[PDB]
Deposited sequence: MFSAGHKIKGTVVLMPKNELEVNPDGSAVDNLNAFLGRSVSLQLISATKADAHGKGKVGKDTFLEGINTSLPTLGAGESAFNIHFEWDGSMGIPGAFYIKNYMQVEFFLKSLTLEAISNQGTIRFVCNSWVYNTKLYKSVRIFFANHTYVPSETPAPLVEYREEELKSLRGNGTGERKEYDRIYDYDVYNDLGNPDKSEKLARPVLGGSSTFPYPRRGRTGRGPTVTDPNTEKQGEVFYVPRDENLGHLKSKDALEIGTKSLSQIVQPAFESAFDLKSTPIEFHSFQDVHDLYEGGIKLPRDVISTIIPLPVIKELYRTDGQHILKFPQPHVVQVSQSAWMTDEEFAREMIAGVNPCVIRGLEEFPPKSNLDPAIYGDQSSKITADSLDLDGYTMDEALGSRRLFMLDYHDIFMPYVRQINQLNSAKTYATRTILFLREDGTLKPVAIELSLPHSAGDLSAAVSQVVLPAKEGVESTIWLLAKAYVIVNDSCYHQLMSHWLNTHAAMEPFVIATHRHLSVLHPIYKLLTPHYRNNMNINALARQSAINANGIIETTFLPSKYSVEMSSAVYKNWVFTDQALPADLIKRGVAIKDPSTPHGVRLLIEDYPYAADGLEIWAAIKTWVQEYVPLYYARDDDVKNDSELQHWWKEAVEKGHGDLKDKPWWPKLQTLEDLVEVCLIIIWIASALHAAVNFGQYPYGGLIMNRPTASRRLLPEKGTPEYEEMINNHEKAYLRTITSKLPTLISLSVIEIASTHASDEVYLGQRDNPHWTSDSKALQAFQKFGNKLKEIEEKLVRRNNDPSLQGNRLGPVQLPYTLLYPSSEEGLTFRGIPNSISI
């Protein structure tokens, strides 16, 4: 007459004795999926308490404890499909799972914090691991299913508390700190035509005293409780790093500089190399402040007394000087940290769409006859699809004036012309350094064109020109390729999924692994990374204009252009070609990001195309899923609501649209983010290779600054790029971001083998993981192919492993997480 059950939970201390969980501490009630009361709701059993510690199980995961329990459940009550749980203890615990035996085995995958019962307005409910579209929900669970969605949505008011599980939207009005200073006021991003932006998770702290449109500061930025990931190992809590760096480590660094205990500036390139060789000497109390901090202490080796040493960046591990080569500068545009901006150039000279009345004549000054195209004429280079560009002219020109008015910031709007050589590598052939020009200008600095040069002061000017380009590129990488296109663009879909797709829903099960830790890292970023005077503003060129620049770019963000084939075709780096395996022909055949990416894209596509038909037999079945239609309607009209008028949104009335939408979401969250994230320290850990800021324009002839370019080119370079103090802070941030936590869940993995009971879904997922293993072998062969050495390894001899699916923990330059997790 009893159902044997096993509860697995983790006491709180395991993620930030066992006998306290016995007695009347924890009650569970089974809920029937087949026998309903007179209202049609599945009947509920009696409160049943944990009976004892099970120590006979083969071996739980670390930190987990198993509890025995027996439910009076006579069979007339039908088959359990859910349960209620009440925690009568003062302290919350993490509920892993319930397992019921000898009844048609029943598994519940919970993985949820359960706070004291008096904190909840309705009792926590958990469903068995079956999957149902809404029309397939067993009738006695239909109302339970919808009431749980209503509970997760909340009502759009109230200050969110730690234990709340309420998902909702708000604008980016929480970055400014106007109550501290008018200088820290920031425009609201989202909800206007001037500043469109993805929505983020609502926190509801309320208004500042000086500005009803800006949300007040808080010690903790709320996320729904189970988004805030605990870790067994403190060192895996990498998301706490940015707060520690901004609030604890940066002031300690600043004091070392204020007290003149270390040189204020780098004076040679070797001063930079020293950081990962002998290290940097700092005051004792500065070391003492840093080396006890979780996560932070993992970033540096130390003698415990005066030395911090950074890890040797991958980009210098074979050749310290290879970053300086034109070969490597161009190669990193297709296999570097930001491999997804280069475009084909199909006319010459390049054109601008900006208004000459505002910025002056926008004609390019690059002349065709000045370029070395390995003997090709311009017409030949254009017609054979060998001309490409890295075009930041129109992106940066609207912000150059305001950036350059800042005291220690000076930039150009840059364009780089690239030629695809017959050997398949890219060659840079010109850089245009543009400045706006209008009648009222007080500056006499002018735009100019710089061409490659290997000797003399011309070689230094060309090296500086490359630095100005990479400052543009690093800013666009950090704020657009990375922050906007992954972190910020994904959060609206996270929110919508939890608000409108039941945990029971097949598309919830398909997508939610790809959201792990995303809202958490994003909230911590709003607090410490992209806030006024936060990490990004105090290390990157645009300073207080950084985040709003990403809103300007979001005006042109197109959901369907995030698909890899559409991206490659839009950028003119591939053409449609049905005769090829992936339906596109690359115009740069050995384009490592794109060629490896197409393999990953195709594997995800096959997986989604196999999973969707398990639950939707026909287009009509997609049309008639009420949760799915509400999910997509809200994702578009609210989550990305500033772009809800755009004609390119899929309608989601067909199987093909459902596949496309899920495929793109998974792609952004896993491989796209990985490709743009985990190369940050490997390439940018040498500040000269990936400068974050430029502080001066090119010097005029006849000046001491010009003579310095002749007599001391390294110092000229270092004075132009990011200063030493923001370099230390920035290196630390990108080292965190390039690190895989040991509890990461990678593409092809899931945190629990029982996420669904449907064997066809589980077998399809196994095929997907096998396919990713085969792809990794293929990518290994690519990196070992000497014919591809030029673009896949370069003179830095750094094999392109960023789209290898698998990785061990640490700073590995490989591995594709499921989600945007750091």
Could you list the ranges of the deposited sequence that have no C-alpha atoms in the model? 1 to 5, 22 to 30, 119 to 121
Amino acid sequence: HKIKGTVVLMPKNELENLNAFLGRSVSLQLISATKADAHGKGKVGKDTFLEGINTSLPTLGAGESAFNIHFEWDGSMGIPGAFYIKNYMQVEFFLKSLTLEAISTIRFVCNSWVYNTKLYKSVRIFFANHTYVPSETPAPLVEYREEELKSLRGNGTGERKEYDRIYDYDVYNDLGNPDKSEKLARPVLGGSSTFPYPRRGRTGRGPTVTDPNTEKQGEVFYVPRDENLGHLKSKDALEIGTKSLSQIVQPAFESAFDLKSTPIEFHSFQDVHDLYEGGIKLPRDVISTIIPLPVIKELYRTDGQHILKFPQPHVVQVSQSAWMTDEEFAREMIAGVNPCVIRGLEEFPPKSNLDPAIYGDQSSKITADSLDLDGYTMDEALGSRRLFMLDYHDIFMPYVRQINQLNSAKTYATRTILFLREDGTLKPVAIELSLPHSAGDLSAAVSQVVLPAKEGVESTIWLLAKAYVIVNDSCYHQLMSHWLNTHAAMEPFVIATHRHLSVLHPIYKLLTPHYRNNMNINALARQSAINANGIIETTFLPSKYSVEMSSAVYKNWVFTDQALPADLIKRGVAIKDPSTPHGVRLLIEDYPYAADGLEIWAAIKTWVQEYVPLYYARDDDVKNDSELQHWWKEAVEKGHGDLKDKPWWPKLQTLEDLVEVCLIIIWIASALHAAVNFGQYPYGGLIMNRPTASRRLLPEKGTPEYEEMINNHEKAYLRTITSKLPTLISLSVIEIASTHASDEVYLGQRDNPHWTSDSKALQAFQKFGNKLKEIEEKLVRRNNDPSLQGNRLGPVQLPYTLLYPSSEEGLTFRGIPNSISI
From here on, numbers count along this sequence of modelled residues.
Segment of higher mean CA temperature factor, 81 to 89 or 454 to 462: 81 to 89
With B-factors read from the PDB entry, the higher C-alpha mean of 149 to 157 and 689 to 697 is in 149 to 157
Looking only at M10, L803, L798, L811, the Cα with the top B-factor belongs to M10
Please work out which residue in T425, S543, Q653, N353 has the highest C-alpha B-factor recorded for this crystal structure. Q653
What third of its chain's C-alpha B-factors does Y120 belong to: lowest, middle or highest? highest
Comparing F126 with the other modelled residues of its chain, is its CA B-factor in the lowest, middle or highest third? highest
Sorting the chain's modelled residues by C-alpha B-factor and splitting them into thirds places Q629 in the highest
Please place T739 in the lowest, middle or highest third of its chain according to the CA B-factor in the PDB entry. lowest
Can you tell me which third, lowest, middle or highest, the CA B-factor of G769 falls into for its chain? middle
